[PDB]
Amino acid sequence: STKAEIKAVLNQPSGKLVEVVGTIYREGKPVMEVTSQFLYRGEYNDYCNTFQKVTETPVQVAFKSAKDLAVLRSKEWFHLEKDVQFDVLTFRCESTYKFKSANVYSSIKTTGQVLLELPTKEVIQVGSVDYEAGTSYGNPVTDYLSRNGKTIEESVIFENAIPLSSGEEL
Amino acid sequence: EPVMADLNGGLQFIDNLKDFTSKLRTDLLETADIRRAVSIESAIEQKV
């Protein structure tokens with residue numbers, strides 16, 4: 001069987017993009033995801049009926065000084081729910097944008113989980129993200145993680161890419 | 001008489017003056033930057 005959810009309906013200068021991610025189920029368990037992407041070409045000003053759901057890149061912020069714990073406790077979107085000292089934090093985060101013009105936002109909802117790696121390799125959540133605003137121009141939560149931490153990069157690219165097969169064979 | 005004039009204003013009655021003035025200089029530097037780096041990040045978060 002198949003259940004599908006729609007991710008992003010955004011008005012571009014080249015049209016109206018539609019991304020649909022349809023997760024195929026089998027005996028209850030999910031098997032594979034199909035990330036399809038369409039386009040209604042033309043010009044469309046329907047900024048009232050557009051949105052975007054993005055799963056953000058996991059950013060690993062490394063705390064080394066003593067002012068760093070003071071900063072994110074001033075961030076009202078951060079709320080730690082435990083009295084646990086922490087060295088490094090990975091923020092696995094998801095966002096939901098709604099637009100009002102071409103690059104302004106009508107609303108932003110940014111939630112997410114913050115994570116701590118213990119020395120005994122157990123992962124326990126320290127707290128949560130709860131950001132919500134209207135009529136903004138960017139996401140603060142991601143822009144904070146854009147400069148104050150590195151992304152957990154899994155797509156590690158080689159220095160010189162190697163061709164697999166060469167000639168006309170293909 | 002040879003005359004010692006101890007014009008030190010009571011500072012010999014402070015145990016471990018090195019470690020005492022170290023923590024007062026640290027705490028005023030550690031208060032100044034947490035009030036800085038918060039007001040730096042809260043400035044740019046309003047720019048976003």
Side-chain angles (χ1 to χ4, degrees), chain A residues 52 54 56-57 59 61-80 85-86 89 91 93 95-112 114 129-149, chain B:
Chain A
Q52 179 174 2
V54 54
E56 296 293 332
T57 61
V59 180
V61 288
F63 285 157
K64 300 297 183 184
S65 68
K67 66 183 182 180
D68 295 332
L69 278 75
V71 169
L72 48 63
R73 291 182 289 113
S74 67
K75 270 90 170 62
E76 72 273 14
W77 53 262
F78 184 79
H79 182 74
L80 74 161
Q85 187 270 333
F86 50 88
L89 292 173
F91 293 0
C93 183
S95 300
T96 301
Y97 298 161
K98 290 182 180 178
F99 301 158
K100 191 260 289 180
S101 296
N103 284 314
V104 317
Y105 288 163
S106 177
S107 68
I108 299 167
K109 286 180 90 291
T110 299
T111 59
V114 312
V129 178
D130 193 3
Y131 179 77
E132 186 176 2
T135 315
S136 299
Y137 288 82
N139 199 4
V141 178
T142 60
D143 199 1
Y144 170 70
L145 299 176
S146 299
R147 54 185 174 181
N148 295 114
Chain B
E1 298 288 331
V3 173
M4 183 79 84
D6 187 75
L7 305 176
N8 198 9
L11 284 169
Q12 67 271 18
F13 293 154
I14 292 170
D15 296 331
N16 60 17
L17 179 64
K18 192 255 183 68
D19 292 332
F20 184 76
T21 58
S22 293
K23 66 172 176 288
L24 290 181
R25 190 175 63 246
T26 295
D27 290 335
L28 268 73
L29 287 174
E30 290 292 326
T31 305
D33 60 349
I34 64 99
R35 192 173 295 173
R36 188 182 297 274
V38 166
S39 295
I40 292 299
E41 291 291 326
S42 178
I44 307 169
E45 194 271 333
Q46 295 297 322
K47 291 183 180 180
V48 172

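By convention in this document, chain letters (A, B, ...) are assigned in the order of the sequence lines, proteins followed by strands, and residues within each chain are numbered from 1.
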Quiz item: Between A:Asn139 and chain B, which part of the residue has a heavy atom less than 4.5 Å away: side chain, backbone, both or neither?
Solution: backbone
Quiz item: NZ of A:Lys67 to CG of B:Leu29: how many Å apart, nearest 0.5 Å?
Solution: 12.0 Å
Practice problem: Let me know if B:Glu30 has heavy atoms under 4.5 Å from chain A in its side chain, its backbone, both or neither. | Solution: side chain
Quiz item: chain B heavy atoms under 4.5 Å from A:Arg147: which part of the residue, side chain, backbone, both or neither?
Solution: side chain
Quiz item: Quick one: does A:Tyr144's side chain get under 4.5 Å of B:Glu45's, heavy atoms only?
Solution: no
Self-check item: Nearest-0.5 Å distance that lies between atom CZ in A:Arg73 and atom CD1 in B:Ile34
Solution: 8.5 Å
Quiz item: Should the heavy atoms of other residues, nucleotides or ligands under 6.0 Å from NZ of A:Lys75 be counted, would the total exceed 12?
Solution: yes
Practice problem: Can you measure from NZ (B:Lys47) to CG (A:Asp143) and round to the nearest 0.5 angstrom? | Solution: 11.0 Å
Quiz item: Quick one: of A:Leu69, A:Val141, A:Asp68, A:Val71, who has the most non-hydrogen atom pairs under 4.5 Å with chain B?
Solution: A:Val71
Practice problem: Look at atom CG of A:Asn103 and say whether more than 12 heavy atoms of other residues, nucleotides or ligands are closer to it than 6.0 Å. | Solution: no
